[PDB]
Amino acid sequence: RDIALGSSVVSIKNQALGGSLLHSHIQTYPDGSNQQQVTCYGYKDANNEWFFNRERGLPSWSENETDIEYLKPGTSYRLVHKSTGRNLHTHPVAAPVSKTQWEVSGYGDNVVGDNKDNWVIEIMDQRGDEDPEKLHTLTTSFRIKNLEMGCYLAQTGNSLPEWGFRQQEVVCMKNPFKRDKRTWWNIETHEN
């Protein structure tokens, strides 16, 4: 099974030891940008659900489209938090705990946003043999790179303070080692 843009609702699990699910919620950062927090969380929840949308400026996905569009490594996408409708976002703002890395937030919606809402998938490993060019549920390991920034989405290992419910810090890491697993993700749950 393959992941498509719009109609695949996914959870995204980090591959480091201690890795957990990409998460967001209405709470905002007290410092930094004051934007919506993004974290990793360890338990099943609706706030772990994401879907991929088109790059900024293209028409947003709807249920009335002509074809299924499979996610392609190399192509720009917007990673949308299903519960809040905010886009995964980064910027040159110091992360809350890992202060030499960049803060990751939830920003905008379909109309409001900007070029830092665009991310690119890089396939690092495929276990078993379906299309090597496609994202598969729980066998494809991938990095999520911010197109503008050039940085990679990562669960650092640090916990947030109680303003972030002591969830795991997520940052955009500058210049990591390609095999750092903090920066490695897979699709865990996939609902159509």
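So that there is no doubt, residue numbering starts at 1 and follows the sequence shown.
Comparing the deposited coordinates for 2-10 and 183-191, the stretch with the larger average C-alpha B-factor is 2-10. Set 148-156 against 59-67 and average the Cα temperature factors; 59-67 ends up higher.
Between the residues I121, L79, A95, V112, it is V112 that shows the highest Cα B-factor in the PDB record. For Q126, the recorded CA temperature factor ranks within the highest third of the chain's modelled residues. In the deposited entry, the Cα temperature factor of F142 places it in the lowest third of its chain's modelled residues. Among the modelled residues of the chain, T84 sits in the highest third by CA temperature factor in this PDB entry. Remark: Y43 belongs to the highest third of its chain, ranked by C-alpha B-factor as recorded. In the PDB entry, a CA B factor belonging to the middle third of its chain's modelled residues is recorded for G108.
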